[PDB]
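Peer 1: this one's experimental. Sequence and coordinates below.
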Amino acid sequence: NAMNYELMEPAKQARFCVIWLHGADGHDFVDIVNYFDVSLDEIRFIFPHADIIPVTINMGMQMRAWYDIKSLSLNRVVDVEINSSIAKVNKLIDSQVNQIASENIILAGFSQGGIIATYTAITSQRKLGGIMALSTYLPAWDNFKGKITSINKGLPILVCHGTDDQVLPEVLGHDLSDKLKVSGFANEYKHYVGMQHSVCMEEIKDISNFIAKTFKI
């Protein structure tokens, strides 16, 4: 149960919550808060430390696959036993509930972390608030496809991805978005031309607008 995390308590009473996950790609998004145009009067921010994201995931992925990978027998070296990390998030969610309504918590993820936000919410036994997949592919889709919960089929999902990403190519973001679409989870797919493996300013605006349009503030 050991974990560290940065916690931002809102100015007014906490009514909402955003769990922001990060893994090379373990960028410090703690500052991201000052980049938004939405009222953070009632929004608690949870930034778990990168230990919540095991290293053993993107290793096989970005050690075996071709430099110009396009699709996913690579399944042999991806640590599905993810799960633990998911549970961690679950605990965190279970911790915010018994403190904030589960449908008022949003799971956002970037790159390595973006995996543990989607998979969690779509297997979450309870009603969550949203998913913000950013520059993230959908690994071990075979292992997690059956464990999906229809309880969140239709929750606000935002997928974002860079066009010139050579670390995590765009067709994999299309892969996540599409594999969520046919799964029963509709989502906005927003790709950014020129952008690589990062987060830009237009994207920050769109993220802000997502939190605004989901927390209905």
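Peer 2: All right, it came through fine. Numbers count the residues shown, from 1 in each chain.

Peer 1: going forward, measure contacts between C-alpha atoms and count neighbours the same way
Peer 2: Fine.

Peer 1: name all residues that make contact with the residue most central in space within the chain.
Peer 2: The residue lying closest to the centre of the chain (C-alpha atoms, centre = their mean) is residue 109, at 2.6 Å. Shown in contact with residue 109 (C-alpha atoms under 8 Å, 6 or more residues apart in numbering): 20-22, 115-117, 131-134, 136.

Peer 1: next, it: secondary structure please.
Peer 2: Following DSSP: H, G, I helix; E, B strand; the rest coil, the label given to residue 109 is strand.

Peer 1: ok, back up a step: from the contacts of residue 109, which is closest to residue 102?
Peer 2: Closest approach between the contacts of residue 109 and residue 102, by C-alpha to C-alpha: residue 131, at 12.5 Å.

Peer 1: what are the ranges of the strands in this protein?
Peer 2: Per DSSP state E, the chain carries strands over the ranges 5-8, 16-22, 43-48, 105-110, 130-134, 157-162, 187-192.

Peer 1: same for the last one, what does it pack against?
Peer 2: Strand 187-192 sits against strand 157-162, helix 170-181, with contacts defined as 3 or more C-alpha pairs under 8 Å, 6 or more residues apart in numbering; DSSP states H and E.

Peer 1: for residue 174, state which of the contacts of residue 109 is nearest.
Peer 2: Among the contacts of residue 109, residue 136 lies closest to residue 174 (C-alpha to C-alpha), at 9.8 Å.

Peer 1: tell me how many other residues surround the closest residue in space to residue 61 that isn't next to it in sequence.
Peer 2: Counting by C-alpha to C-alpha, 6 or more residues apart in numbering, residue 61 lies nearest to residue 78, which is 6.8 Å off, once chain neighbours are set aside. Other residues near residue 78 number 16, with proximity taken as other C-alpha atoms under 10 Å.

Peer 1: cool, thanks, signing off.
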